[PDB]
Every structure is written in C-alpha cells, then in structure tokens.
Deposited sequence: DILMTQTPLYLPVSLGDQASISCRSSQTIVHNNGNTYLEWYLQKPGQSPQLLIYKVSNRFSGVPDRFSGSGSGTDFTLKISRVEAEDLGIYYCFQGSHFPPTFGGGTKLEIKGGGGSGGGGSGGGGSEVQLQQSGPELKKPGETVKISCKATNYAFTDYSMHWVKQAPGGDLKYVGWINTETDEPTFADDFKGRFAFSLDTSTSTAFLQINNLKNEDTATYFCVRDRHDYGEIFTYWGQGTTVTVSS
C-alpha cells in the first residue's frame, strides 16, 4: 500500500566518489509510537541483504560511518561519502512502520551470533508443492517471531508474512493470501514456508528473517535464502 520510490535505478561510480540514493514514500511513515522505521539494506553479489541503517539515520553495528541516512516526511536519502569495493551491490530502502512493510525497487551501484540456515535450492515443476525450512541458531527460537521475504528474479523484494513462534499464528501480506502457509517445529528450532501449486510467478529466492524490533530494527538477521525454480 505504501509505495517506496527509489532513485536512481542505476548508479555507475568510480571508487573514491560520493554516491547518494533517494527514496520517497507515498505516505508518511512515522509510527503511532513516534518512531520512523525506515531502513536501508545492501545486498552484495551472491549474499543476502544486510542491514546498514535503521530508524532513518542510525548505523547498524559494524557499519562504517562512510554511510549516513537522513530524511523525514516522505523523502529519505542514503549517502556514501566515498565508495569502496565492498560497497558495490544493490541498495534497498524499506519502510516497516505500516503493514504491509514495503521495499524500494533497488539501486544497483557498480564501478564504471544469531544465524538462520535455510534448506537448499529446489527445482520444481509447476503445480507441485515445496516446503522451505529455516533453522534458527544462537537465540531461543520462541522468543522472536519469524518473518519471510520473497526476492523475485529481477531483484525486487516483497514481504510475505510472519509467524508468531509462541502462538503459531501467521499473518500474510495480501499478495500471499491463499497458496502460502507457515508452520514451525520447536523440537528442531525450525520455521517453514510451504507453497502449494507452484506457479511461474513463484520462482524466486525466499528469505526467512529475524527482527530486533525492540531495539528499533526491523530486518536484522537474514537467512542465506532458498531459491525455488519452477521449471514448467
């Protein structure tokens, strides 16, 4: 419902240069609790997205100060004072203030203990079913919910839903109401996402994600992802 319009789609740059990326929300994203859950993620080639900035301008632990986030209202910006080799990849802005949370389309930048382990890539024929698993390590599984995110072939990110790990109650984003189901197994500290009747539009990498919302962070720990290829 809340569109995050991210520009530019592409940012060719030479190391040493500055880079600025902007994001405009279709609606304000202040939460009734006063916080603005606007986050910025970096996805390096062959890796899962990683959190860089949360609540608009706070740098995630370990993120270098070359990265700074700013903005308010409907306009936000991530600035990289000097681009280095490890900064190349795709950047995404994200709003987690109003359900369903939404991601910007991404900006490809290029030169001119908690762990979540997911099941392996699956090649499936349409109409079939797949059950993706996500095993939580280093925290008590039922202390935090488990979230699920879909990354389509072209890289766009879409929220699937979350499952309360204590009540076993799931919640889906409108676009995933019907053929998707969440379940869990506490004996194995594992959360599952099941997809019924595999369709072409389901081909993607699905990520399970752990939040630290009580610290002000929405998507802090990402699984390595599970690619589901529907070879019709």
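Comparing the deposited sequence with the modelled residues shows one gap only, at 113 to 127, with numbering starting at 1.
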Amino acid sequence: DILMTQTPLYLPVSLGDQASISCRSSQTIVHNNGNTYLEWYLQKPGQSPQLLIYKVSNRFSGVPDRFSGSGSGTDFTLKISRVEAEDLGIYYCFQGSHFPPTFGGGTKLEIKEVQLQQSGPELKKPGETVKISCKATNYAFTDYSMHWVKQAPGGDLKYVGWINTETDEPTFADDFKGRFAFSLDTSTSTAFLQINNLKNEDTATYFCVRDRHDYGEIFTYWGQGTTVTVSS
From here on, numbers count along this sequence of modelled residues.
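As recorded in the PDB entry, 167 to 175 is the stretch of 50 to 58 and 167 to 175 with the greater mean C-alpha temperature factor. Mean C-alpha B-factor is higher over 113 to 121 than over the other stretch, the pair under comparison being 87 to 95 and 113 to 121. Looking at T28, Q43, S70, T188, the one whose CA carries the top B-factor in the deposited record is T28.
If you compare the C-alpha temperature factors of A19, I218, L15, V209 in the entry, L15 comes out highest. In the PDB entry, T36 places in the middle third of its chain by CA B-factor. Ranked within its chain, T77 lands in the lowest third, by CA B factor from the PDB record. Among the modelled residues of its chain, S183 has a C-alpha B-factor that falls in the lowest third according to the deposited record. The deposited CA B-factor of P153 belongs to the highest third of values across its chain. Per the PDB record, residue ranking by Cα B-factor puts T129 in the highest third of the chain.
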